[PDB]
Amino acid sequence: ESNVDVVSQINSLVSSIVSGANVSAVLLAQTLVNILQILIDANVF
Amino acid sequence: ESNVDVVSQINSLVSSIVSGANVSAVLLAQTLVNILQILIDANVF
Amino acid sequence: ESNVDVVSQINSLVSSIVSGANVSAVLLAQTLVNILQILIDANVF
Amino acid sequence: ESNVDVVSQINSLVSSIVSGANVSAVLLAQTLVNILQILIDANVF
Amino acid sequence: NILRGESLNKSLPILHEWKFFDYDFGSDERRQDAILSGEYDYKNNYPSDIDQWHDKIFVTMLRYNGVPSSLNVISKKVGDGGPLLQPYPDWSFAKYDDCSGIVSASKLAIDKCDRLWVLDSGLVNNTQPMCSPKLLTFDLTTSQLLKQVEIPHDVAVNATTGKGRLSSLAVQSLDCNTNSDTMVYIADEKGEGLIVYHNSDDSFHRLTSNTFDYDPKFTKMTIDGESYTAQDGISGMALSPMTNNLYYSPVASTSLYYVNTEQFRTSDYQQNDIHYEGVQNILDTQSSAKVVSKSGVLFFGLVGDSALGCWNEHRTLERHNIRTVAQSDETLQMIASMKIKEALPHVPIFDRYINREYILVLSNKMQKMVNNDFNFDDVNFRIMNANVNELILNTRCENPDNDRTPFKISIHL
Amino acid sequence: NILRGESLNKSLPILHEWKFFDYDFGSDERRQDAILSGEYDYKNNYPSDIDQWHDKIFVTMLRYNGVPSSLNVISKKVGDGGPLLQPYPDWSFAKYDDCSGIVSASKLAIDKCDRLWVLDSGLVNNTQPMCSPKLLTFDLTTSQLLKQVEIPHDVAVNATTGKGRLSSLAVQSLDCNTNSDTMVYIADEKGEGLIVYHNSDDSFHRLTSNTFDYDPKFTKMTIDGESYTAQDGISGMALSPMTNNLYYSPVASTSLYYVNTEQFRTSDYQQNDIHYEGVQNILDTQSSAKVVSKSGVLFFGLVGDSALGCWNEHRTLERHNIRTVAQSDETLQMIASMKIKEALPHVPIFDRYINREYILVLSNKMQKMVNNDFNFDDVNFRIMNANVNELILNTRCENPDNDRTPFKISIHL
Amino acid sequence: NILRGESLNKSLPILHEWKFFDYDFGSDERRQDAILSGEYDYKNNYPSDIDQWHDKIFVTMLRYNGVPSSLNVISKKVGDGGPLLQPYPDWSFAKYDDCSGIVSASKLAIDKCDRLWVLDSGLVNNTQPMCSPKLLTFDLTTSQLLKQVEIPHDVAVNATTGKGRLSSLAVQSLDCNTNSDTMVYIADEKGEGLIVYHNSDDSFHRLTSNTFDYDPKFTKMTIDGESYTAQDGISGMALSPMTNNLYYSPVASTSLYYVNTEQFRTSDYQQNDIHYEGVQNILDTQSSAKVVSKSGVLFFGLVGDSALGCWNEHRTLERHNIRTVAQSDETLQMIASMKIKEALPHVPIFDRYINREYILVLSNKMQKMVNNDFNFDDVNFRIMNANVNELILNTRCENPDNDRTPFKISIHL
Amino acid sequence: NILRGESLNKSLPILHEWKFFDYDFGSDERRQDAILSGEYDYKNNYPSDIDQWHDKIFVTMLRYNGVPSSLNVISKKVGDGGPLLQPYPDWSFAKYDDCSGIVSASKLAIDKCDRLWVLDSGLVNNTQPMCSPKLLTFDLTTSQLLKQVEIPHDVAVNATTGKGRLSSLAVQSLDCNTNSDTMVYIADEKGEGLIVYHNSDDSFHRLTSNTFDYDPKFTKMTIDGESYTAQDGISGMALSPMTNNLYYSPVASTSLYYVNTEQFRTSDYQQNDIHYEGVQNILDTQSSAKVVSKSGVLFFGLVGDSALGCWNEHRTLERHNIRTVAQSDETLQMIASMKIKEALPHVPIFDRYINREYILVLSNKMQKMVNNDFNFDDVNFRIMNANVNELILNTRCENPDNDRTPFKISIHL
Ligand SMILES: *[C@@H]1O[C@H](CO)[C@@H](O[C@@H]2O[C@H](CO)[C@@H](O[C@@H]3O[C@H](CO)[C@@H](O)[C@H](O)[C@@H]3O)[C@H](O)[C@H]2NC(C)=O)[C@H](O)[C@H]1NC(C)=O
Ligand SMILES: *[C@@H]1O[C@H](CO)[C@@H](O[C@@H]2O[C@H](CO)[C@@H](O[C@@H]3O[C@H](CO)[C@@H](O)[C@H](O)[C@@H]3O)[C@H](O)[C@H]2NC(C)=O)[C@H](O)[C@H]1NC(C)=O
Ligand SMILES: C=C(CC[C@@H](C)[C@H]1CC[C@H]2[C@@H]3CC=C4C[C@@H](O)CC[C@]4(C)[C@H]3CC[C@]12C)C(C)C
Ligand SMILES: C=C(CC[C@@H](C)[C@H]1CC[C@H]2[C@@H]3CC=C4C[C@@H](O)CC[C@]4(C)[C@H]3CC[C@]12C)C(C)C
Ligand SMILES: C=C(CC[C@@H](C)[C@H]1CC[C@H]2[C@@H]3CC=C4C[C@@H](O)CC[C@]4(C)[C@H]3CC[C@]12C)C(C)C
Ligand SMILES: C=C(CC[C@@H](C)[C@H]1CC[C@H]2[C@@H]3CC=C4C[C@@H](O)CC[C@]4(C)[C@H]3CC[C@]12C)C(C)C
Ligand SMILES: *[C@@H]1O[C@H](CO)[C@@H](O)[C@H](O)[C@H]1NC(C)=O
């Protein structure tokens, strides 16, 4: 997953959440996976 | 991540957990990411 | 939350999952909260 | 858990995270449980 | 020999149980009106077949005088006697006076197409044929009657005897794609015959053999001491997915036979050609219902001993290999229906960590129904669930296993 | 009879295996120097006992001429022959020339106090006593020698024969609080005696009986066809947590006896008072090692048939109840050590969902060691892990089970 | 003075932008047919008001000759000019020939009841009254027309002049429980009047004052250099939740007035009684649209300077306190609609960590519409989103803040 | 002009505060013994500099008669007056009688190498030089004294006047790899000089100029009405990471100068060559301490007005651009130390969503220390934390911002 793609996914997800629409489970799970992978790559843990 | 690699990681993690050793956070996070990705690929959500 | 209540919730949730019905998000979240609280009480972490 | 207690726990956890110290797993899990319980009480899901 | 020592007094977990059957008419006043009008009577409700779909338990009731609906799904509301039933899909199909609705649902079957196949016996009181038998195909996602076919009279009953009652239904699908090439097998015990229906061809063919006929020596059946006499032919058909073999055994005999469905692939349907392979008198008691798991294990119900027996298809068919797993006089009186399902959702990678197959068994006291001696103060009808791998583990019926994972998970309802 | 039919050719998952034993001296040059100096020889390393602690596998080696260290923990580095061993705690205790370190570690035991109990045989080549036997208590969290006690010479060996070799060690703790009241039992086969050591009293007491003596008729033992003669007394002691009964059986006999530890609670230690309850000749072959799970099941190793047998304590002790679970000539040559552990961390609520007990078995070819015929091109020594509940399921050894949960999880290493 | 130095050339993030407006007729052939029939023309589409609901952006189009639908929701499909609009709810309401559907949607408002309030101007070409004005209440969860009311002719237009066009709509609800006591205020600039409609009473009342009339001196308005003359009365009403004060300012004047809605609570509606409190000539330029946040800050649009100004209600009303936040000639040509929303879901505890209020501003070039000089090769119409707290931070308009949390989160669409 | 209107009475969040300073000697009896022996006195403890590392707040105390330890880390235990201090690393370095330990820690600095740089003034009572000044490098991960260097006497003090006190310390690292090329700048006000120490060269060079000298006209300083006279030279050095410019301003003047560190890269160190660029009298009051953020904003403390001012490096240096952000007489009496840190852990992708820079400011009442008038019943010493981006937002000091994300997070301790 490209970094710009992850940024776009995060921007879409946050906008959908704050808008009040029903957030799809698959999109949320994919965004969570991408964020966790990025954090692992940064040796956060 | 190869499927056999994911299976090996799961087998090592479960063995480490049931053994009683201190489970590393990075390995647990990586296994969680792989399992979530596999579940997403299966359209579980 | 009573321990017997937690056991009943887990038994209902697993049965619903393996049955193939649509699992409600609120019930899953409540079961997760109860399980995490029980694990914390046991000093697992 | 009192609401003021939850607020104090969140304030301590965020300060510890941004400070750079090693965040204890039990405190993070307890804060997560409290936040999830509060969200459930608000019918977010 | 066949009765294993450890199997004695072993029971199965009970998913649901009824002292008697009560229907969810709605308000209590509606139930009172139904009882007063004679539509509903708690003494004339007997289960025939059960099935499960994602949250639903479908139960079939033999159409007697006091039966409100033949086919009913278990509802959430729980009565004093037991969980309340609800007509499926609605009360429109329960009205069998016009014959548009289901008269009497004999057996049920669910394929991988998420379609419900319903067999209508047509017989009322199980002895009087009121309307023509029907094959109904329902969509379980839309709750609509997809298709309805009427069985011809000539193939339904013998031309000589003139009597015939449909008893068992099995559904096989070579390919359940956009067009489902499904071959439906209907075994009628009273006619001692088999009916093969080809959905693509819309054709019914009737087959008869000496194996389908009953043995007068074994007509008497003793359950829990009480004995009753029944004269029925072939019943309890189970189709093995692995070997494509349809197994059967006459109700009034102990011999066990099977046929290969590949012989039915030819449109010729040559008479007297079909070769039935079976063994004569391999069981001490009769077999009521049979089911074959995808692993290759056949489970049958020993009526006389009131037990559950298993046989592995890979191993040879003989009395030495046949063994029992569950033995209980009270819990398992008469096994009328057995269905083997698998856990969901399907994940190809994780299948090595999980034993997915679980069996559902229906137990109703048929010897009490025949003799009209039912104690409605006790639990008469039971539904039980068990895990196949743990039920057949460390026995003759077990398959060659390999413990390649640190943990194994057993799943049952 | 005792040999169950389905148990035939059944094996266990292999956690680790060695063609031979290689030690992690460090650099390859250090290994070369050790081999040249004669300290290390790959032909004189034989496993005696194994144990596990949270990530560690401790293995004991009989002190021969070419043994670098008696007690070694499995290291992460893997050699060509097998995983490399590492001296524990360091090389300081490996130096047995001064006798300060461990001369020869015979058996191991781990209590709930997280303490390691080490028995020092003292014998070199298993026939020559070099230094006095020792009982060592190590802390597994700090890797320090907490305590060391020396066994008196008089209680160690018979005054008449003058010969004695310690063979089995068992640790029981009535209370492992701040002061651990632990009664350690040491069975010596050569002396045909038992030694009870009271940690609080710091006292050793020697007990002898006709049951501890060997039977000359059963001295010959045949493993995998090859036969060897051994004359040894009581060995293979297992202490049942549920009944507080110490089981035993002489190496050169098939009879099985047990004693109650409550008789040892009295400080009197009245001679000839102790009542040993046992059955004579209940097994076709001899028993090498025994272990009792917390559920109440005793597992023993049939040397002659090369198998694993089980017996439930609740049921009566007879040949009818005794059954085998695992049978394999190659996988299980000679069972020298068996340890039953449980999954961690302990959660009281979730215990109903998980089968926690798992057994670890060590298999070394003793008949090859006796006859000095070892093929180092094959897998000689094996360590296997299995799940107790799934190993004894649907057998005579199984405990009364209740399936009260939708899912069950089986855990083994 | 009023124009803050740092505000110069500052712009706002753009949520969406259109070179022109294109409608999602469906297939391209349907669009071709619509263009050929004259129903759709890209030169006669101008935005009037915008609103947001949970995923939807409603936009109102002034009913000209070539307008397909007055009210349209932004659709997912994106055309070359911009995102495609879709008629709401369907094409049935777009058909205004029968007058059953919406003729011309002037302004929109959404209450906390999740109801959409639509004002129908009735005027076509903004100068010819075709059908009677309407107040429509839609349910945004069911997409159904809950209610429709017709405004009386006498209260709609002046009896003397005979001309009147509804310009601004505001909705206030004292209690939005099962029965919603909502008082709707409709300001008509051409009639220079205000209409108060009581939903419970189903009554319309017309109020007039000298403040509602325009000033001939300030009729000329210069946007981006180009000047146009307009003579309009009261427009741009904003109701403050905190103080229950309805603010207003005539289009052709710079004075700013407000009224208290508590005077309207009395059913008497005493004429000449209503006291309007305002300040004369506090702004250099005119104000187009105004909106009041729940914190107590009023935002207005300076047409002449093409900027956004703010005023805090707590502080005194004077030129000293009034300051600008955003200044841009191209980005903000003419502000026609402003709506302040809050983040969801609402969590009472976490409100201290999050700045929830975000403002949406619509910018369309009205001076080009008046002079019929539109360059369709550029971005003519824009929608912008901003965060109120960060927009007014460290200015005269900011409220007394307290940094009591380690982290603060700013939320905008 | 410089004093912004909205900045009036604005305060900052208080991380910690002390009525007076109390040390964690351990038991209360040890504290009593320390007080009796005269080692500890609560009237002679004044903070000099503060710093933060991952959980630790280091505070430096001027070495007076009653100071137990010069450098102390904030401990978890909280006394009645305030949080208790703890000697760092231990009491061994607190013993300055042998001069082995730190005599008086003047200033602190932390680089990206995770190393603590400590400057030892050597002066006791700030007027008497006891031991030689020292530069100490500690490892903050191992709590060990990595390195210690002694400053030469000739470069420390003027040869003519003979007096010199080190006041400010700044650390710059061109490359903090395995060998850290760090150039340390030490400004001494009493000597009116600058000392450049090259760690690689282990060389100290002294530089003097007319700019480093004080102005007698501005010696008087008025804080909170109370006025005191001080004659000090260059102090308060801040090194800009972006431009590599070291800023400074004499204590007794309002002019602000800066130098470029690139001139110091040449090993020549040509005298009278260094070109200092500055503006004369751009501030109404003096500047105490300065710090430059990585964004390019310089923060300084106006002593006379008791405020915090900012200046953007990108914009021109003039009185017009200089503005104040925080104004408070009580909260900010005299700013002695300012440190700008960033949030952790560093994530390159998420930097667009988070404002990471946060400033820590120490406020101690120096005018009370000079006049020996301290009210120990009130909060004398304060530590405050603020977020830089939100502190400078919508002002002259703000950098060109772009709102490219839906949400922005502000982080401060
Ligand atoms: C080592 O010394 C012990 C004594 O401390 C010897 O134990 C004794 O062994 C003899 C047989 O070798 C036992 O005699 C038997 O007694 C039973 C009755 O208990 C009787 O039924 C038998 O017919 C036989 O006479 C004797 O009881 C036993 N001592 C005790 C106290 O029980 C042991 O034999 C010595 N080891 C060797 C290798 O000789
Ligand atoms: C539409 O009709 C309304 C009446 O319903 C007109 O409102 C009236 O407007 C006149 C000025 O055009 C107002 O006269 C002014 O009165 C104030 C005192 O309130 C006085 O100070 C001024 O010098 C001036 O005389 C009159 O008050 C107002 N009516 C009411 C009830 O307030 C309106 O003007 C009509 N529209 C047009 C375009 O004429
Ligand atoms: C252990 C737990 C939590 C129980 C959970 C983690 C276990 C139990 C059932 C497992 C699913 C079985 C079926 C299946 C169907 C299969 O297709 C995917 C795995 C899955 C979902 C298993 C996932 C793991 C489950 C849910 C607590 C109560 C102690
Ligand atoms: C199903 C999964 C994930 C495997 C996980 C959820 C299962 C497996 C082992 C279980 C622990 C066993 C021991 C124990 C020890 C017991 O004391 C607590 C439960 C626990 C931790 C089980 C927790 C659930 C575990 C970890 C995927 C691979 C399909
Ligand atoms: C920091 C992140 C993840 C962003 C997440 C954790 C932040 C951002 C927006 C926050 C919600 C805002 C609104 C709201 C609405 C409010 O009612 C509840 C909090 C909530 C949901 C915030 C939750 C926390 C959110 C989602 C990565 C990308 C670095
Ligand atoms: C919104 C929440 C939960 C607060 C959490 C999700 C927010 C707050 C602080 C954010 C971290 C700031 C620093 C940083 C440092 C940066 O390098 C990575 C992001 C991170 C860790 C942010 C992650 C998201 C955090 C923890 C509840 C209380 C309503
Ligand atoms: C079977 O077990 C049940 C439960 O313990 C018991 O009540 C019953 O008597 C048993 N059956 C027989 C035949 O003993």
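The residue numbers of chain F are those assigned by Swiss-Prot, with the residues present covering 20-432 sequentially.
From the backbone N, Cα and C atoms, a Cβ is placed for every residue, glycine too.
The N-linked glycosylation site annotation in Swiss-Prot covers F:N28, F:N144, F:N177. The disulfide bond annotation in Swiss-Prot covers F:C118-F:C150, F:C132-F:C195, F:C329-F:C416. Per Swiss-Prot, 24-methylenecholesterol binding site is recorded for F:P364, and the stated evidence type is experimental evidence. Residues or ranges marked as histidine amide by Swiss-Prot: F:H431. Feature annotation from Swiss-Prot assigns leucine amide to F:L432; the stated evidence is experimental evidence.
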Distance, F:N144 (N-linked glycosylation site) to F:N28 (N-linked glycosylation site) (CA atoms, angstrom): 35
F:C150 (disulfide bond) versus F:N177 (N-linked glycosylation site) - Cα distance in angstrom: 17
Pairwise Cα distance for F:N144 (N-linked glycosylation site)/F:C416 (disulfide bond) [Å, integer]: 39
C-alpha spacing of F:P364 (24-methylenecholesterol binding site) relative to the residue listed as 'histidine amide', in angstrom: 14
Which listed residue (F:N28, F:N144, F:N177) has most other Cβ within 10 Å, given these are glycosylation sites: F:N177
Filtered recorded positions, from F:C118, F:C195, F:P364, whose Cβ is under 6 Å from an atom of ligand 4: F:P364
Residue with minimal Cβ packing [other Cβ atoms within 10 Å] among the disulfide-bonded residues F:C150, F:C416: F:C150
Recorded positions satisfying Cβ distance under 8 Å to any chain E Cβ, from F:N28, F:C118, F:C150, F:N177, F:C195, F:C416: none
Nearest of the recorded positions (F:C132, F:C329, F:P364) to F:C150 (disulfide bond) - Cα to Cα: F:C132
Near chain B - the recorded positions F:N28, F:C118, F:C132, F:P364, F:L432, filtered by Cβ distance under 8 Å: F:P364, F:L432
Those recorded positions in F:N28, F:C132, F:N144, F:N177, F:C195, F:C329 whose CB falls under 6 A of ligand 1, listed in sequence order: F:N177
For F:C132 (disulfide bond), the one of F:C329, F:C416, F:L432 that lies nearest, given that the recorded positions are compared by Cα: F:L432
Proximal residue to F:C195 (disulfide bond) among recorded positions F:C118, F:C329, F:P364, F:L432 (C-alpha distance): F:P364
F:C329 (disulfide bond) CB neighbourhood, other CB atoms within 10 A: 22
Subset of F:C132, F:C195, F:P364, F:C416 (recorded positions) with C-beta under 8 Å from chain C: F:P364
Conformational class of F:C329 (disulfide bond) under the three-state DSSP mapping: strand
Which listed residue (F:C118, F:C132, F:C195, F:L432) has most other Cβ within 10 Å, given these are recorded positions: F:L432
Under 8 Å by Cβ from F:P364 (24-methylenecholesterol binding site), counting only residues of that chain that are 6 or more apart: none
Spatial separation of F:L432 (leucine amide) from F:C416 (disulfide bond) - C-alpha basis, Å: 22
Three-state secondary structure, F:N177 (N-linked glycosylation site) (per DSSP): coil
Residue pair F:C118 (disulfide bond), the residue listed as 'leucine amide' - Cα distance, angstrom, rounded: 36
Rounded Cα-Cα span from F:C329 (disulfide bond) to the residue listed as 'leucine amide', Å: 21
